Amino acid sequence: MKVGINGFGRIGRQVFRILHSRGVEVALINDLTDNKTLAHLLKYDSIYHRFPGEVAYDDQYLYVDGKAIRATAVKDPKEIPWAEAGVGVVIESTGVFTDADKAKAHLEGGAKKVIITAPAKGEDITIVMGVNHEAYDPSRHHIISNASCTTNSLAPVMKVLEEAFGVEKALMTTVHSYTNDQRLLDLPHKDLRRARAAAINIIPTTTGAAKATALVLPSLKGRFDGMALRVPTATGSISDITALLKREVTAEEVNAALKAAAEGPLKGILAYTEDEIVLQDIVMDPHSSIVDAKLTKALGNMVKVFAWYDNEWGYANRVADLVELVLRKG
């Protein structure tokens, strides 16, 4: 079965670049605009820059490195011709069909599996790769959430802290690049904070990411919450976790546990560095979570860990990983 993308946006386009680079063929791309515009946005990217290959188009297809990909502008997911293009797995990256009752419309068009690139409601399962991907059951799990970028940044760290030390409870903040949910200048929005000019403000906004970590690490249920602060950067984020552990530790012990995890069982998901880096250094990093070791603090059993993540590229790599897992399992 082939792969399809609904919503060729920031996440959809990076997921495409990654799948394409891995040889996983996407057969249909659907959005709301014409193919000239889809091609143009793929070709030129303000963050990741020129597509490393050839991009062309006509009224029916995008042509990427000589490969024809059907490309359409069908607003209602029930009407997307997935079956005709041979698509069995749909990446749902529009942002408007995160309710499973709406995302299931892709099955009417002949899809077998939908991966929602966001927190969902009513999904069969939420997966964070490296943390609970072994819980995926291909016979029962058809509408699947890959969680949020922030949850993917948190869960690997929290898994390590729980397994090495035990976690009584924790709170976090993510200091996070702006995204297309926000506003360029002050403008009506359902969230009166996100209404405000994004590139000249620090903007507090509610996040379900810490609560949602309990979906993949049930030990955190009812004892993990947090906040987001959106700041004037275009991609790249950092999670600042303050945890109360079940024993007293040093910063060095916390770092050693995270390093061991990054080099071993969580390799490719969790990364670890002791370099004095900044945001631009993690742009286009494929990891979910990049521990910045020099920032770790400990006051007995109370610790502070920082983990960077490129909220576009890192997360998109996880969507691609999940697509490959779903394909592997049938």
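Residues carry their position along the shown sequence, with the first being 1.
A.B. asks: Averaging C-alpha B-factors over each stretch, which comes out higher, 218 to 226 or 106 to 114?
C.D. replies: That would be 106 to 114.
A.B. asks: Can you let me know which of the two, 63 to 71 or 261 to 269, has the higher average C-alpha B-factor in the entry?
C.D. replies: Averaged over C-alpha atoms, the B-factors run higher in 261 to 269.
A.B. asks: Based on the PDB record, which member of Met172, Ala85, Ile238, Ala155 exhibits the highest Cα temperature factor?
C.D. replies: That would be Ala85.
A.B. asks: Which one of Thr151, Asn180, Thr250, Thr242 shows the biggest C-alpha B-factor in the PDB entry?
C.D. replies: Of the options given, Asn180 has the highest CA B-factor in the PDB entry.
A.B. asks: Would the CA B-factor of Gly95 place it in the lowest, middle or highest third of its chain?
C.D. replies: It falls in the top third of the chain.
A.B. asks: Report the third (lowest, middle or highest) to which the CA temperature factor of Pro204 belongs, ranking only the modelled residues of the same chain.
C.D. replies: It falls in the bottom third of the chain.
A.B. asks: Which third, lowest, middle or highest, does the C-alpha temperature factor of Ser145 belong to within its own chain?
C.D. replies: According to the entry, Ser145 has a C-alpha B-factor in the chain's middle third.
A.B. asks: Based on the entry's values, in what third of the chain does the Cα temperature factor of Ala197 lie: lowest, middle or highest?
C.D. replies: It belongs to the lowest third of the chain when residues are ordered by C-alpha B-factor.
A.B. asks: Could you say whether, by C-alpha temperature factor, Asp34 belongs to the lowest, middle or highest third of its chain?
C.D. replies: It falls in the top third of the chain.
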